[PDB]
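S.K.: Pasting an experimental structure with its sequence.
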Protein chains: 2
Amino acid sequence: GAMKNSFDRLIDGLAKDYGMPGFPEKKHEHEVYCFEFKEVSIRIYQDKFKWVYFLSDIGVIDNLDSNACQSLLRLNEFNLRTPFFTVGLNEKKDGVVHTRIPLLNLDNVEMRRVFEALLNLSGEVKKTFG
Amino acid sequence: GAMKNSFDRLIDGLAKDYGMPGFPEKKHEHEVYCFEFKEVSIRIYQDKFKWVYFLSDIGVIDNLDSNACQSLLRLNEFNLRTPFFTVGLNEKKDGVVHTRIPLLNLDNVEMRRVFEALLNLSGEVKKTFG
């Protein structure tokens, strides 16, 4: 309800600064909404239990496997930071970085930060492991 | 408030089934509570902004390569599952698996499941990568 309006402002806002989003098909279960902002390779999903998700695609990375795999999977070290960005590998060895956050009592302004934060992180990660 | 009583029941309950917890020192910033259940190698932290955390230590990485490391960092694939368990590497190449969840409107019963779920996962991950 208040969460709906909040989630809307988020979207509305990203549309104005990244243009119209794309609307992929219901892939995952419990999924109810999915907006794809292709310019920045980020997808926003909304759980059926009111959780918003941010998925970013870093892209492909060749070689380096044993090389830096660790330093990569080392980015998942524990810490008490809000919106933690998990770094993982796609179903085809492709860079992927996401987060999830309940919508209850979370305004669009923070969701934007989370989003932006996610962008920047994808940047930094992209320009290191290629 | 209601979150306090909730978090308490969680703890109280784990105490009864895993005995007295340990109380490490304020390591991370924003940290306010930390309970260590050494029997199961899991630590529970509580953010200053009302987020509960579950940290599990898989232990020593004796052998690591790139068909293993990947398969590991492959456990972080995206999906719309509640309480997502991030698998990462300690500050000394040591197995580590954690999650975080806001306390607002979350009962101790679900928190337990999350906990238990985390245990089992640490199990499965432990008996495969060591």
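M.R.: Here it is on my side, so go on. Numbers count the residues shown, from 1 in each chain, chains lettered A, B, ... in the order given.

S.K.: which bits of chain A sit near chain B?
M.R.: Listed as neighbours of chain B in chain A under the rule C-beta under 8 Å from any C-beta of the partner chain: A:28-31, A:45, A:47, A:49, A:51, A:53, A:55, A:65-67, A:69-70, A:72-80, A:82, A:84, A:86-91, A:93, A:96, A:98, A:100, A:102, A:104-105. C-beta: built from backbone N, CA, C; applies to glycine.

S.K.: For chain A, which segments are assigned as strands?
M.R.: A:33-37, A:42-46, A:51-60, A:86-89, A:94-102 (DSSP state E).

S.K.: Including mean neighbour count, could those strands go into CSV?
M.R.: What follows is the strands of chain A, written out as CSV (neighbours: other C-beta atoms under 10 Å in any protein chain shown):
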stretch, mean neighbour count
strand A:33-37, 18
strand A:42-46, 22
strand A:51-60, 20
strand A:86-89, 22
strand A:94-102, 21
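
S.K.: wait, which of those strands is closest to residue A:118?
M.R.: strand A:51-60 (5.1 Å; C-beta to C-beta).

S.K.: Check which helices and strands the closest one sits against.
M.R.: Where contact means 3 or more C-beta pairs under 8 Å, 6 or more residues apart in numbering or on different chains; DSSP states H and E, strand A:51-60 is packed against strand A:42-46, strand A:94-102, helix A:108-129.

S.K.: The first one pairs with which strands, and in what direction?
M.R.: Strand pairing for strand A:42-46, using DSSP bridges, gives strand A:33-37 (antiparallel), strand A:51-60 (antiparallel).

S.K.: if we look at the shortest one, which residues are touching it?
M.R.: Put plainly, it is strand A:33-37. Outside strand A:33-37, the residues that touch it by C-beta atoms under 8 Å, 6 or more residues apart in numbering or on different chains are A:11, A:14, A:18-19, A:21-24, A:26-27, A:42-46.

S.K.: Any idea how far that strand is from the middle of the chain?
M.R.: Offset of strand A:33-37 from its chain centre (C-alpha atoms, centre = their mean, to the nearest Å): 11 Å.

S.K.: Taking helix A:108-129 as reference, get the angle to it.
M.R.: In terms of direction (axes from the mean of the first three to the mean of the last three C-alpha atoms, to 10 degrees), strand A:33-37 departs from helix A:108-129 by 50 degrees.
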